[PDB]
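Visitor: Need coordinates for the below:
(one chain, ligands or ions: 1)
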Amino acid sequence: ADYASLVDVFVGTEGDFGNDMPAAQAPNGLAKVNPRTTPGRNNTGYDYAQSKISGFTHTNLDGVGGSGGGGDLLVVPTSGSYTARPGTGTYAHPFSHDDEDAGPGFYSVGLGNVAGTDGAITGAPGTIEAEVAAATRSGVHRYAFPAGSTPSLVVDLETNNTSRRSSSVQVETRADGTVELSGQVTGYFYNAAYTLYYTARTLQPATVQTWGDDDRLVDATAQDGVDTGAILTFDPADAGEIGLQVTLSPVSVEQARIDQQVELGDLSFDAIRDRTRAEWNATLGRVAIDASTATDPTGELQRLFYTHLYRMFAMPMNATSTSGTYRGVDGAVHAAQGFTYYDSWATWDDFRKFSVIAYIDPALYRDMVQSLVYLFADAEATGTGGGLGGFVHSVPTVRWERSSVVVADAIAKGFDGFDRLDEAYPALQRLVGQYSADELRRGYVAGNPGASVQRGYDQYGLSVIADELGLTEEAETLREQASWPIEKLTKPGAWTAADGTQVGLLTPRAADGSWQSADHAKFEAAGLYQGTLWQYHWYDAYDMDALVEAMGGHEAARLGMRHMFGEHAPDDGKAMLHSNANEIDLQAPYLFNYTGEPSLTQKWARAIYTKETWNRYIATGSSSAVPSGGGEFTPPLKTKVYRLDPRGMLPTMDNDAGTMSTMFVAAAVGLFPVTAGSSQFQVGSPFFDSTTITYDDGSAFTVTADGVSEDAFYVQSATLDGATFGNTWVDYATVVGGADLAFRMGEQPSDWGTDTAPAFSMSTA
Ligand SMILES: [Ca+2]
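Guide: Numbering: from 1, shown residues only. There you are, the coordinates:
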């Protein structure tokens, strides 16, 4: 019943080992009440390895790179006093993980008391007990200050994980003496600025001073600039209980006030915390697991599952008001009619995650795709022709590449009635871009194999959308162009197998058709972003059949796949050409199903996600967190990719809006989307004796793995709804239809699935 207790919100919160947050948050919540460590932090604002905390920020992004996004609206409890804008060093409180507790919807910590005046503020006797919880749009605070303290909360509106652009604060003192603060914060992350409106009320009487960009702390009730803030001071008689409620809205301050009355009403802190815990239990309860001692002797694998299921329901965030409105990239308010509008995208990294969301929470997935459609429809509506990067966004956000694939994913899966798809389409076309004249002639971008394979997948996705809109002729042209990267950039005999077999591989190609020299295993060679040619080779996952042919046939592919995973040298870390640390070749472990060796897919799926593997590659050039260089672990390292630890992922391995977590869930269920933008899932190695996904109507998908253990991870035989099943892929319809997929597991590889009906490929469909 209480799945929330199995989630460990600290997994991935250390250093550069995931960039996730312990923040109090509701499922897909906008409000993310994250403690802030000092002087070090991860991208979210909390590094587990630290021992001081300043306060709580209310906005954020999960698992992103750079210096993180959001981090707006810092609330810092203190017994100190100020006569000017606070020095940030004065916020610092000792904390200990021994006096810290968190889980779905809540975070609590005992902070060492601090007192004094301005720069003289330092440690003081006693403890500030801090508790926060979250609803969808709101963060609530309860503080206990030592007896005799003059409690104060600093509301710092400059704090941002990357860049504060503008902020404002208006103060109101009501009849009962409580204070309400409101205004806007405008930040920036990666491509775009974003604005959020806020309202924050105290629950006890307070007096207040504000500051603006001149650093003067004054009695004025309004500020508007870049660095602004407010300092709330309470009566010592209220030291036992200081409460604060903060609500966010992409729409307006007054909308935030309405949202707050709707969301929180007169509910107590405990009831708001309790209600969000129940909401998490309902969300997590969509997947019910029975895991024997044999497969999970310590219970950590089940905790790991639920922790990553928790992480899967974070982004995109609910960007809709309680009144059913949202703010568009045109800067105006619009109705999200009959659906919830979500926003905050990092689709270049995360596109495969949506395909998995589709089979865990179909209704949420539908709303997300509809939202993605409205977002592009809105860009088109401006009439400006500009890219999404040129607008101010409704929530912190990242990037939008591969959106065409995600939309196509819902269409291929039989979702329809997507309002405003006709409007979204031309904006999706501009996103994807066109080959230049010279590029059209030759069939590829000169010296840029990465951009070529990427457009190929984008064009496949657009082609699905084109056919749905009845643009048949456009769809044909798109499919033709989408075939080009495979045909034109797979260089024959790029790699020669041990027995002489000639294997073709993605290789940069000059304008005149000459092949360009390249080490196919070198990180970021040939203009590639965050990967190698071997890793990008497999990118055009919508046409494995054409890829197998371009590679030089079945045997060439089969031997290539074996070499990709160093099968000929299992104890040599350097022979590992696959990367676990980035999303570029996420699907690669499941490609053995395509080379007639499904047992190897099963092995690698179970190994990468639940065992120690060889790791040659990190996700970036180098990292101070592990001896590394040139995009590699130096030397290669045998280690678990996923740990139930604050050091949750490999060093440099960012979750990226819950992508790595979502892939873990998919591996655990045993169904992986090699082809996002299709309706198919590839069979892996289900982790648990029984896994049940219950849909909103009470029907359920049940996948069983009879006799599964840490050693018994190979499929021996299978049935589908009682009947012999021999395919290594299943359709989305079969899953959400409530099928019974039953596997028989064993400790040795079998030939199960080696006579599979072919999986989807654009060229053979
Ligand atoms: Ca990444």
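
Visitor: Now residue 547: closest residue in space that isn't a chain neighbour?
Guide: residue 486 (5.4 Å; Cβ to Cβ, 6 or more residues apart in numbering). Any C-beta I mention is one placed from the backbone N, CA and C, and that applies to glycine too.

Visitor: In contact with that neighbour: list those residues for me.
Guide: By Cβ atoms under 8 Å, 6 or more residues apart in numbering, the contact set of residue 486 is 456, 540, 543, 546, 547, 550.

Visitor: Just among these, which is most surrounded?
Guide: Greatest neighbour count in those, by other Cβ atoms under 10 Å, goes to residue 540: 28 neighbours.

Visitor: Tell me the residues on the stretch 551-700 of the chain that lie near the ion, please.
Guide: By Cβ under 5 Å from the ion, the part of the stretch 551-700 of the chain that sits against the ion consists of 582, 654, 656.

Visitor: Surely the first one and residue 617 touch.
Guide: Spelled out, that is residue 582. Yes. Between residue 582 and residue 617 there is a contact at 7.4 Å, judged by Cβ atoms under 8 Å.

Visitor: quick revisit: what's the helix or strand for the residue nearest to residue 547?
Guide: For residue 486, the host element (DSSP states H and E) is helix 472-489.

Visitor: and the next element down the chain from that helix?
Guide: In N-to-C order, the element after helix 472-489 by DSSP H and E is strand 490-496.

Visitor: Give the buried residues for that following strand.
Guide: Residues 490, 491, 494, 495 are the ones in strand 490-496 that count as buried (16 or more other Cβ atoms under 10 Å).

Visitor: Okay, and the beta partners of the first one?
Guide: Assessed by DSSP bridges, residue 490 has beta-bridge partners residue 506.

Visitor: Could you look up the SS state of the residue positioned nearest the centre of the chain?
Guide: Of all residues in the chain, the one closest to the mean position by Cα atoms, centre = their mean is residue 657, 1.4 Å from it. Three-state call for residue 657 (DSSP: H, G, I helix; E, B strand; the rest coil): coil.

Visitor: now the strands for the stretch 151-300 of the chain?
Guide: Assigned by DSSP state E, counting those that start in this stretch, the stretch 151-300 of the chain shows strands spanning 152-156, 163-173, 179-189, 192-202, 206-211, 217-218, 222-225, 229-234, 242-249, 287-290.

Visitor: Residue 556 - that's part of a helix, no?
Guide: Yes. Remark: residue 556 belongs to a helix, assigned using three-state DSSP.

Visitor: measure it to residue 762 for me?
Guide: Distance, residue 556 to residue 762, using Cβ to Cβ, to the nearest Å: 20 Å.

Visitor: CA atoms of stretch 72-85 as PDB?
Guide: Listed next in PDB are the C-alpha coordinates belonging to stretch 72-85 (Å, rounded to 0.1, in the frame of the first residue of the first chain):
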ATOM      1  CA  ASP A  72      14.100  30.700  -7.700                       C
ATOM      2  CA  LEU A  73      12.700  32.100  -4.500                       C
ATOM      3  CA  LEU A  74      15.100  31.300  -1.700                       C
ATOM      4  CA  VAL A  75      13.500  31.200   1.800                       C
ATOM      5  CA  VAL A  76      16.100  31.200   4.600                       C
ATOM      6  CA  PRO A  77      15.200  30.900   8.300                       C
ATOM      7  CA  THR A  78      17.400  32.900  10.700                       C
ATOM      8  CA  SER A  79      17.500  34.300  14.200                       C
ATOM      9  CA  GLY A  80      19.800  37.100  12.900                       C
ATOM     10  CA  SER A  81      19.000  40.700  12.000                       C
ATOM     11  CA  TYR A  82      19.900  42.800   8.800                       C
ATOM     12  CA  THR A  83      20.400  46.500   8.100                       C
ATOM     13  CA  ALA A  84      21.200  45.900   4.400                       C
ATOM     14  CA  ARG A  85      20.700  43.300   1.700                       C
END
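
Visitor: That one: how far from the chain's middle?
Guide: 32 Å (Cα atoms, centre = their mean, to the nearest Å).

Visitor: and it, which residues are buried?
Guide: 72, 73, 74, 75, 76, 77, 78, 79, 80, 82, 85.

Visitor: I'd assumed residue 211 was in contact with the last one.
Guide: Yes. At 4.3 Å, residue 85 counts as touching residue 211 under the criterion of Cβ under 8 Å.

Visitor: Report the beta-bridge partners for residue 327.
Guide: Here residue 327, judged by DSSP bridges, has bridge partners residue 333.

Visitor: what residues are up against it?
Guide: Applying Cβ under 8 Å, 6+ apart, the residues near residue 327 are 250, 251, 319, 333, 334, 394.

Visitor: do residue 721 as well
Guide: 739, 740.

Visitor: swap in residue 535?
Guide: Counted by Cβ under 8 Å, 6+ apart, residue 535 has contacts 577, 578, 579, 582, 584, 585, 588, 617.
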